[PDB]
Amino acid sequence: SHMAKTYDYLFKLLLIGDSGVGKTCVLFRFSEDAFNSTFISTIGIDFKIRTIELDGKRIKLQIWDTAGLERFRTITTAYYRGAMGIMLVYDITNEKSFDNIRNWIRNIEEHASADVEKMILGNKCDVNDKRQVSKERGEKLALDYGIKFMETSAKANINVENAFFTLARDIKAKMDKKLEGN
């Protein structure tokens, strides 16, 4: 329909990581500020949209939420090439979902832009009694890869806002230095 747009930037984001780590719940906390405890695993892919403000500019965030289960891999693959930032999510109560982060990283390296912005979320950081992945170990992984990390909880609403704005701010800053230098 070719009408004037109501945003200045458009950031395509991608959440990836194993089934059940809480990717959908983290996005629904960011986009609706709600939390449902019942598991509704993501069939293939879904998306949510939120517009935020950075340095007084309108940033539309088109956030793509992939299925973690193996049978959806070909479907979710199609969504890597366009992403500008990617949340790699694991579950602090599940060591496998954290070991698998380095597989998710290799997946990105195979399918995404060479310079995509990456962040690690250790989610469910409200379930201390069941913790398997120390906070120190998530930090050293992300340091080993030179990318940012934080512990999140969609349920207790911990670091969800901060994760997306930080990733949004880092995409914007790199983009602005590209646009300015062209």
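Residue numbers here begin at 1 and follow the sequence given.
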Subject >> Stretch exceeding the other in mean C-alpha B-factor - 20-28, 170-178 >> reply: 170-178
**OP:** Look over 106-114 and 84-92 in the entry and identify the one with the greater average Cα temperature factor.
**Re:** 106-114
Original post:
With respect to the C-alpha temperature factors reported in the PDB entry, which of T51, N128, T42, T152 ranks highest?
Top reply: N128
Subject >> Criterion, highest CA B-factor; candidates, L121, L61, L143, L69 >> reply: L143
